[PDB]
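Trainee:
2 protein chains.
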Amino acid sequence: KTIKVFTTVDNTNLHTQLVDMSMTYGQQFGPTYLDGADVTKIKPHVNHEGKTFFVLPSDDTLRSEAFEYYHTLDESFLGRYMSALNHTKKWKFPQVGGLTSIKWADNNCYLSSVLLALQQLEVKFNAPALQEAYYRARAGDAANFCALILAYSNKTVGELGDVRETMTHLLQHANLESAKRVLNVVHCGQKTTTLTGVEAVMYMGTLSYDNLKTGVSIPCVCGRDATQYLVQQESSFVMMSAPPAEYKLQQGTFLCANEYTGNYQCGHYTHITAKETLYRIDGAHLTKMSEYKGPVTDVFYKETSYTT
Amino acid sequence: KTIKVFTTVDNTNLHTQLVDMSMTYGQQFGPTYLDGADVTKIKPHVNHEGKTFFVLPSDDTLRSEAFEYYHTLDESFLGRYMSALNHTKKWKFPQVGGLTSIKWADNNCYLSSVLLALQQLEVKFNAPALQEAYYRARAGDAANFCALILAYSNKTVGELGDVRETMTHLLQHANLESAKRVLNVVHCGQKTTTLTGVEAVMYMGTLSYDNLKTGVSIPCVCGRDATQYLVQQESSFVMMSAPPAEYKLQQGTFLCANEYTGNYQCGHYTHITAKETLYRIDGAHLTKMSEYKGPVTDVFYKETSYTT
Ligand SMILES: *[C@H](CC(=O)Nc1cccnc1)C(=O)NNC(=O)CCc1ccccc1C(=O)N[C@H](C)Cc1cccc2ccccc12
Ligand SMILES: *[C@H](CC(=O)Nc1cccnc1)C(=O)NNC(=O)CCc1ccccc1C(=O)N[C@H](C)Cc1cccc2ccccc12
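Protein chains in written order, with the working numbering: chain A, 124 to 431; chain B, 124 to 431.
See the structure below:
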């Protein structure tokens, strides 16, 4: 009933242990975490041999730093953070196109594009732990960042993610009230709305800021075809996201964008950024072009302020 | 290739005609309408024997009154209005509980409750044609009203309707800008919105004004559980509509309500109104109780104004 397993508590040294398939990991080790999860209540699985679990021998006052350093009220948070940081360190982050991409491993797509896109944005987080990493990530010590990206998103190493939904969780912890967007929709009746923070910088429906500024079609109204348009946006960038579609990107049209090529929950994120000429990144790789044409789910535009 | 069919152009006199199954109704009669529809492009169906079609021998300047009298830019509108008014007259509207219900015929449910509920509301339409009928409907000459209710909703005699979706089309033509509602939703980010007219008096989500005023749970936020609540409502009544659910009605709690007992698009609307004691109407019928307990999709509350 034994499987060989590596146990680190410091992520510096490792230890080799044996574990009973008959007992919960907690019974034998205490609180235990593997690849971003909380296996502390789980019996051992035979696929788990040859893996490195992060064990955290419990503590009642580590919550000093917890809500402080990490801005979370999850007892599990650090156990998930660290057991991912083990793996995350094993990835290779090379600086490419000036930014810092992630050699594909354990399904990095979303994390690459998320990280490829969070350099280029004017954003400062309200949890110190992110600040450090972001800047370790710009220089190249990004393993701390992807680990927190996982833990904030509640994701596991190797679990596919949607780039859009991931940032929702990172943007909850950043400079929010500083930002403002206003929109009005109109047939019979009419409706104007203002959103603060993350709400204000994220849109689901079109990839074109211009259309949002021009015209964009919305339901109920009374029947089915109102128009909604942007009235005011007070924020440093904008994210425009739609179900993946074919789209046109030109230099200076857009900050950056990322290209999803697959089915609903099975696809491939590829990040494009606009510099000298368009620069497309896929893991370590890169293609640079003066035209694009592909399938995009997300486009990025820098912006100062706009009033209608 | 002949079926016997009755042709009125004045809805006073009838004529008996024969029609070729080989030709479109227009080829033989001109523009032709049956039971609220525009059969003028359709070949005859053999079920159509023994029916009374409304024929409108075309006209280019009847649009004088059209957008005027009826507030529509449908050439078909009057042809649909009148061919329904034929049938609608054949129904029996008895005044019950003080209001005026509709003896069940051709699936009246929604029209009964809609009509049972549009007496009790403080609303004045912006098309004269409705004004007349509404008041013919309060006295009992309601056939003109249900006919327009059909034509405004684009429904046919005998086609089941959702009470909620029907009023959307009648409320497009009523006192709108006079009314105002404001709502704010809040996790990370926050969002406040104002709606004008019909938008402002109709809600989909709960049956309880009180909850809307108390608390009501809404998605995205960042994750999935914001709270939205009512800030200001400036209007004469309120409609609260939800997918049909079990609900509690007490006298003086609510203006009126209607009870849907069936599957999604196959069910039964039953209207309840609060007077001396609760008064439930089903076609001509009526039960009056001091308690209720049933399945409701729509509840009505009179209101003057409210500020948070
Ligand atoms: C990595 C994929 C990968 O590893 N590719 C390989 C590289 C090298 C070698 N082999 C393979 C990855 O992270 N993929 N992410 C992923 O699948 C996430 C999809 C997902 C997950 C959760 C929620 C939503 C989604 C999602 O649908 N995302 C796409 C971009 C949005 C989308 C797609 C299709 C239809 C649709 C409709 C409406 C809204 C979005 C939408
Ligand atoms: C009449 C039914 C009838 O004739 N009953 C009889 C009387 C005497 C003798 N025999 C029979 C009628 O008009 N029924 N209306 C109807 O079926 C309309 C349903 C409908 C139609 C179009 C769009 C929506 C709907 C609808 O679903 N309405 C219900 C009230 C809302 C509902 C119901 C179930 C689930 C659900 C979920 C979400 C939102 C609404 C919702």
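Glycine included, C-beta positions come from ideal geometry on N, C-alpha and C.
Counting only runs of 4+ residues fully inside the region 140 to 221 of chain B, write out the alpha helix (DSSP H) ranges in chain order.
Mentor: List check, alpha helix (DSSP H) in window: 148 to 152, 200 to 213.
Trainee: Give me whichever residues DSSP pairs with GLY417 (chain B) in a beta bridge.
Mentor: Paired residue(s): B:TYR370.
Trainee: Could you please give the first and the last residue of the uninterrupted beta strand (DSSP E) stretch that includes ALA397 (chain A)?
Mentor: It spans 392 to 397 - the beta strand (DSSP E) in which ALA397 (chain A) sits, taken as one unbroken run.
Trainee: Taking only heavy atoms of ligand 1 into account, decide whether any of them is closer than 7 Å to the Cβ of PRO217 (chain A).
Mentor: For ligand 1, not one heavy atom lies less than 7 Å from the Cβ of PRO217 (chain A).
Trainee: Specify, as a first and last residue, the run of the alpha helix (DSSP H) that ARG261 (chain B) falls within.
Mentor: It spans 251 to 262 - the alpha helix (DSSP H) in which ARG261 (chain B) sits, taken as one unbroken run.
Trainee: Tell me, please, whether the CB atom of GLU322 (chain A) is closer than 8 Å to any CB atom in chain B?
Mentor: At least one chain B Cβ lies under 8 Å of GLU322 (chain A).
Trainee: Please report whether the beta-carbon of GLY312 (chain A) lies at a distance below 8 Å from any beta-carbon of chain B.
Mentor: Closer than 8 Å to some Cβ of chain B, the Cβ of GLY312 (chain A) qualifies, so yes.
Trainee: Flag residue 487 (chain A) as yes when its Cβ comes closer than 7 Å to any non-hydrogen atom of ligand 1, and as no otherwise.
Mentor: Lying outside 124 to 431, the shown extent of chain A, residue 487 (chain A) is not represented and no answer is given.
Trainee: Mind checking which residues open and close the alpha helix (DSSP H) that includes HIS138 (chain A)?
Mentor: Unbroken run through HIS138 (chain A): none, as it is neither H nor E.
Trainee: Compare the Cα-Cα distances from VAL321 (chain A) to each of A:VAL132, A:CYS389, A:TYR387, A:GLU300 and report the closest residue.
Mentor: Among A:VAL132, A:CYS389, A:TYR387, A:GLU300, the Cα nearest to that of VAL321 (chain A) is on A:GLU300.
Trainee: Mind checking the region 244 to 270 of chain B against chain A and listing, in chain order, the residues whose C-beta falls within less than 7 Å of any C-beta there?
Mentor: Those would be none; no residue qualifies.
Trainee: Give a yes or no on whether the minimum CB-CB distance between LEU293 (chain B) and chain A is below 8 Å.
Mentor: No, because no Cβ of chain A sits closer than 8 Å to the Cβ of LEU293 (chain B).
Trainee: Whose C-alpha, out of B:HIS391, B:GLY390, B:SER331, B:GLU357, is nearest the C-alpha of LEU378 (chain B)?
Mentor: Minimum Cα distance to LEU378 (chain B) is reached at B:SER331.
Trainee: Can you tell me whether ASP285 (chain A) sits near ligand 1, meaning its C-beta is under 7 Å from at least one heavy atom of the ligand?
Mentor: True, at least one ligand heavy atom lies under 7 Å from that Cβ.
Trainee: Just to confirm my understanding: we take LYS124 (chain B), look at its own chain, exclude 5 residues before and 5 after, and list those with CB closer than 8 Å. What are they?
Mentor: Excluding positions up to five away in sequence, the list reads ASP143, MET144, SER145.
Trainee: According to DSSP, is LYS336 (chain A) helix, strand or coil?
Mentor: Three-state result, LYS336 (chain A): helix.
Trainee: Kindly list, in the order they appear in chain B, the residues whose Cβ is closer than 8 Å to that of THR317 (chain A).
Mentor: Within 8 Å Cβ-Cβ: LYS314, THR315, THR316.
Trainee: The beta strand (DSSP E) with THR289 (chain A) in it runs from where to where?
Mentor: Note, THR289 (chain A): premise wrong, no beta strand (DSSP E); alpha helix (DSSP H) at 286 to 294.
Trainee: Just the chain A side, please: which residues come within less than 7 Å of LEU299 (chain B) by C-beta, in chain order?
Mentor: Residues of chain A passing the Cβ test: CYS311, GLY312.
Trainee: For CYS345 (chain A), tell me which candidate among B:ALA397, B:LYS371, B:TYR275 has the shortest Cα-Cα distance.
Mentor: Checked all of B:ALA397, B:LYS371, B:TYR275; the closest Cα to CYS345 (chain A) is B:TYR275.
Trainee: Suppose you measure from the CA of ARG403 (chain B) to the CA of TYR370 (chain B); what does that come to, to the nearest Å?
Mentor: Spanning the two alpha carbons is a distance of roughly 15 Å.
Trainee: Using a threshold of 7 Å, is the CB atom of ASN249 (chain B) nearer than that to any non-hydrogen atom of ligand 1?
Mentor: No, the beta carbon of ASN249 (chain B) sits no closer than 7 Å to any heavy atom of ligand 1.
Trainee: Going by DSSP, name the residue or residues bridged to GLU382 (chain B).
Mentor: BP columns for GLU382 (chain B) point to B:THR393, B:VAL419.
Trainee: Measure how close the beta-carbons of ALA270 (chain B) and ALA207 (chain B) come, nearest whole angstrom, since I'm counting them as under 8 Å.
Mentor: Contact flag correct, Cβ pair sits at about 4 Å.
Trainee: What does the alpha-carbon distance come out to for the pair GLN313 (chain B) and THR319 (chain A)?
Mentor: Answer to the nearest angstrom: the Cα atoms are 5 Å apart.
Trainee: Three or more beta-carbon pairs under 8 Å between the region 232 to 244 of chain A and the region 379 to 397 of chain A, yes or no?
Mentor: They touch, by the three-pair rule.
Trainee: Is residue 434 (chain B) close to ligand 2? I mean its beta-carbon at under 7 Å from any heavy atom of the ligand.
Mentor: The shown model of chain B, from 124 to 431, leaves out residue 434 (chain B), and the question about it has no answer.
Trainee: Leaving aside the five residues before and after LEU222 (chain A) along the sequence, list all residues of the same chain whose C-beta is less than 6 Å from its C-beta, in chain order.
Mentor: If we look at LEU222 (chain A) and ignore the five residues flanking it on each side, its Cβ neighbours are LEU239, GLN242.
Trainee: Between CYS345 (chain B) and chain A, is the shortest Cβ-Cβ distance under 8 Å, so that the two count as touching?
Mentor: Closer than 8 Å to some Cβ of chain A, the Cβ of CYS345 (chain B) qualifies, so yes.
Trainee: When burial is assigned at 16 or more other CB atoms within 10 Å of the CB, is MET205 (chain A) buried or exposed?
Mentor: With 16 or more Cβ atoms within 10 Å of its Cβ, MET205 (chain A) is classed as buried.
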